[PDB]
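Novice: My questions will all concern the structure given below.
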Amino acid sequence: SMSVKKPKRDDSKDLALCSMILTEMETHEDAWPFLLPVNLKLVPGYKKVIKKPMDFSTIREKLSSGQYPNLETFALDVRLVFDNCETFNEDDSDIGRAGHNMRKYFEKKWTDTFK
């Protein structure tokens, strides 16, 4: 509360560390469904159904331009990518499996780097 604070967690490396995680997600062999925004002209149903599209290139641009106020807003967009994938793709599909795999890969790196 006013003039009463928990000890200051060092957040000075968060930007660099989120960048490194994002690099590792970008280079994973199962990243291909997530590298670029879904083409809303060429994928029937996507625009209407997925209210907030998100992809790794969009996260990269947001990260590089100071549009993440803190490491949690960064995690929320990464998770959004996988939540969107699950919304639109059957579990038993190459893309559906890719999303599960990437979400797992992310959540481990997230815990190991920050928890």
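We label chains A, B, ... in the order they appear in the structure tokens, count residues from 1 in each chain, and number ligands from 1 in the order shown.
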Write out, as JSON lines, each residue of stretch 35-61 of chain A that has an atom at most 12 Å from stretch 95-112 of chain A, together with the closest pair of atoms and their distance in Å to one decimal, counting only C-alpha atoms, rows going by chain and rising number.

Specialist:
{"residue": "A:35", "atom": "CA", "partner": "A:102", "partner_atom": "CA", "distance": 11.9}
{"residue": "A:55", "atom": "CA", "partner": "A:99", "partner_atom": "CA", "distance": 11.7}
{"residue": "A:56", "atom": "CA", "partner": "A:102", "partner_atom": "CA", "distance": 11.5}

Novice: Would you write out those residues with C-alpha atoms, as a CSV table (one decimal), in the first residue's frame?

Specialist:
chain,number,residue,atom,x,y,z
A,35,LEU,CA,5.7,-17.4,-37.6
A,55,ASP,CA,1.7,-14.7,-34.1
A,56,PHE,CA,5.4,-14.8,-33.3

Novice: Using only C-alpha atoms, tabulate the residues of stretch 39-97 of chain A lying at most 12 Å from any atom of stretch 4-26 of chain A, each with its closest atom pair and that distance in Å to one decimal, by chain and increasing residue number, as a tab-separated table.

Specialist:
residue	atom	partner	partner_atom	distance
A:55	CA	A:26	CA	10.2
A:56	CA	A:26	CA	7.0
A:57	CA	A:26	CA	8.6
A:58	CA	A:22	CA	11.2
A:59	CA	A:22	CA	8.3
A:60	CA	A:22	CA	7.4
A:61	CA	A:19	CA	10.8
A:62	CA	A:19	CA	11.0
A:63	CA	A:19	CA	7.5
A:64	CA	A:19	CA	8.6
A:65	CA	A:15	CA	11.0
A:66	CA	A:15	CA	9.2
A:67	CA	A:15	CA	11.1
A:68	CA	A:15	CA	9.0
A:69	CA	A:15	CA	9.9
A:70	CA	A:14	CA	8.0
A:71	CA	A:14	CA	6.4
A:72	CA	A:18	CA	10.2
A:73	CA	A:18	CA	10.9
A:74	CA	A:18	CA	7.6
A:75	CA	A:18	CA	8.8
A:77	CA	A:22	CA	11.3
A:78	CA	A:22	CA	8.8
A:81	CA	A:25	CA	11.7

Novice: Looking only at the backbone, which of the residues in chain A does DSSP tag as helix (DSSP H, G or I), as a ChimeraX atom specification?

Specialist: /A:14-27,32-34,46-49,56-64,71-88,94-114

Novice: May I ask for the distance between atom CA of residue A:41 and atom CA of residue A:92, given in Å to one decimal place?

Specialist: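 Atom-to-atom, atom CA of residue A:41 and atom CA of residue A:92 are spaced 25.1 Å apart.
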
Novice: To one decimal place, how far is atom CA of residue A:30 from atom CA of residue A:82 in Å?

Specialist: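 Computing it gives 12.4 Å between the two atoms.
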
Novice: Kindly give the distance, in Å, that separates atom CA of residue A:44 and atom CA of residue A:93, rounded to a single decimal.

Specialist: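 Taking atom CA of residue A:44 and atom CA of residue A:93, their separation equals 17.6 Å.
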
Novice: List as a ChimeraX atom specification the protein and nucleic acid residues near residue A:47, meaning an atom at most 12 Å away when only C-alpha atoms are counted, but skip any in the same chain fewer than 6 places from it.

Specialist: /A:37-41,53-54,84,88

Novice: I need the residue nearest residue A:32 from this list: A:94, A:79, A:46, A:87. Use only C-alpha atoms for the distance.

Specialist: A:94
